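In: need a structure here:
(chains A and B, ligands or ions: 1)
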Amino acid sequence: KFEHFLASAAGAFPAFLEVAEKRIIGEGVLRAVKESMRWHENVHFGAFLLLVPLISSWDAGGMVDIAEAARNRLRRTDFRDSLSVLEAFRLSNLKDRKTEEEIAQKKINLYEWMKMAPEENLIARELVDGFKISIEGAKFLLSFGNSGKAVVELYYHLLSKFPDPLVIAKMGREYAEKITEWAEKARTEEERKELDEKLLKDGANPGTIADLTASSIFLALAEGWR
Amino acid sequence: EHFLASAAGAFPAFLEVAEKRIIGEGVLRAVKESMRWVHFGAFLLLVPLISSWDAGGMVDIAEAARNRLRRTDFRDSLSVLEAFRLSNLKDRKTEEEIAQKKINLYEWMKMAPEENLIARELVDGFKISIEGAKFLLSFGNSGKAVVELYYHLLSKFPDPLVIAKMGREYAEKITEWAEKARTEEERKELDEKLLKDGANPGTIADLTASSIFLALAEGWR
Ligand SMILES: [Cl-]
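Out: Numbering: from 1, shown residues only, chains lettered A, B, ... in the order given. Next up is the structure itself:
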């Protein structure tokens, strides 16, 4: 499932080059979303919301430098970035209208908005605390070696550690918590397919975990993953 | 009945809000007073209504309460957040934004998810509670009336507490279940089903209470 993910994010490469040039967070997420959706239904909105701020700081240095500069750029965003991000979300998928109007009115930038998200929201928490999960994921990969194997090991690691907010919202808190327990016991390749197939038959896709795996890859790449 | 008994403990908080008219401290005092010896959802719905108890009819009460909500300040938000925490870093972070952006109770509810029934109600003039009250008034004053409103609402609105615990799917199923359940025992069936499943539609209950109040004030016989 790495393939699908790699192609679809790669449809957004022109948007990413634009972000590296203009450093425009909101617009960036929105362009990325519109772009990699030109011709497809997986999207991965969260991957873009995670990656665009890191890409906007592509030249800050290594992986700790990027994350810090991305947090700093996030704090200097304005309410229009929030509005773009919100529009990107709706396209990914008068309540939106009322939210948009309060974002506007109170001038709630993307950082401040993210500080008001619930604790289960992993991407929000990355946007606010300097990308701590992505960095930990990057360090995991780096201790491994440049391989697809490492990326898989990363994925199951994140799967056993963080209940997926998308799963929480679809299947409920207890089913999300249960994934972490099944993940930590899915060690062989066979055990892992079982799980994948259970998640599928159930309609439970841990999108955020894959999102975080991607942002971790990005940091590990910038750090030097040899 | 258990719910009546459950609310009654907050009665002095209700009397206090009727005179003092401060929504947030009202919710917070109701929550603390109910704990002695969505409890929370019910109070968040009732307090604004109760602070407008003397506005007149049910339409006047809802509209007066919407207005009081609009004239709220960030402190009302802070009090409701404390009331919620008392009732269920990140909360310190949300409080931080509320204080700093001076987000009042109405503005805060305006940023809530689509599915948040109580937020909707605080923002749009208690539309659901109004409809509920009209349901009661054309039905007549009894327990069958209240029981009927409950399942009616249960069939109509997925309950956000159920969503958050069991997820969007199970909650959507409740409505459809409730839609079927007509008989004294079919409803007994659904309730037992929910109990063992650990799902409680507390928001449906809250909304039934807010409807009742508005129907009482309109004149319900
Ligand atoms: Cl810049």
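
In: Which residues of chain A lie near chain B?
Out: A:95-96, A:98-99, A:101-103, A:105-108, A:112, A:115-116, A:118-119, A:128, A:168-175, A:203 (C-beta under 8 Å from any C-beta of the partner chain). For every residue, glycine as well, the C-beta is placed using N, CA and C.

In: which residues touch residue A:158?
Out: Counting by C-beta atoms under 8 Å, 6 or more residues apart in numbering or on different chains, residue A:158 touches A:133, A:137, A:209, A:212-213, A:216.

In: Name only those of the residues of chain A next to chain B that count as buried.
Out: A:95, A:98-99, A:102-103, A:106, A:108, A:112, A:115-116, A:128, A:168-173, A:175 (16 or more other C-beta atoms under 10 Å in any protein chain shown).

In: In helices only, show me the residues of chain A next to chain B.
Out: Applying DSSP state H to the residues of chain A next to chain B, the entries found in helices are A:95-96, A:98-99, A:101-103, A:105-106, A:112, A:115, A:128, A:168-171, A:173-175.

In: Next up, phi/psi of residue A:11, please.
Out: Backbone torsions of residue A:11, given as degrees, to the nearest 10, read phi -60, psi -20.

In: who touches residue A:104 in this structure?
Out: A:79, A:83.

In: Longest helix of chain A, counting residues only.
Out: Per DSSP H, chain A has its longest helix at helix A:207-223.

In: how distant is that helix from the center of its chain?
Out: 8 Å (C-alpha atoms, centre = their mean, to the nearest Å).

In: packing partners for it?
Out: In terms of contacts (3 or more C-beta pairs under 8 Å, 6 or more residues apart in numbering or on different chains; DSSP states H and E), helix A:207-223 is packed against helix A:2-10, helix A:45-55, helix A:63-75, helix A:122-128, helix A:132-144, helix A:148-159, helix A:165-171.

In: Pick the most deeply packed of those helices.
Out: Mean neighbour count (mean count of other C-beta atoms under 10 Å in any protein chain shown) peaks for helix A:45-55 among the helices and strands packed on helix A:207-223, with a mean of 26.

In: Remind me what that one packs against, helices and strands.
Out: helix A:2-10, helix A:13-22, helix A:25-35, helix A:63-75, helix A:79-92, helix A:122-128, helix A:207-223.

In: Now tabulate these in a markdown table and tack on distance to residue A:183.
Out: Output for these, formatted as a markdown table (distance: least, C-beta to C-beta, whole Å):
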| stretch | distance to residue A:183 |
| --- | --- |
| helix A:2-10 | 17 |
| helix A:13-22 | 30 |
| helix A:25-35 | 28 |
| helix A:63-75 | 25 |
| helix A:79-92 | 25 |
| helix A:122-128 | 15 |
| helix A:207-223 | 9 |
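
In: quick one, which of the ones you listed is nearest to residue A:199?
Out: helix A:207-223 (10.8 Å; C-beta to C-beta).
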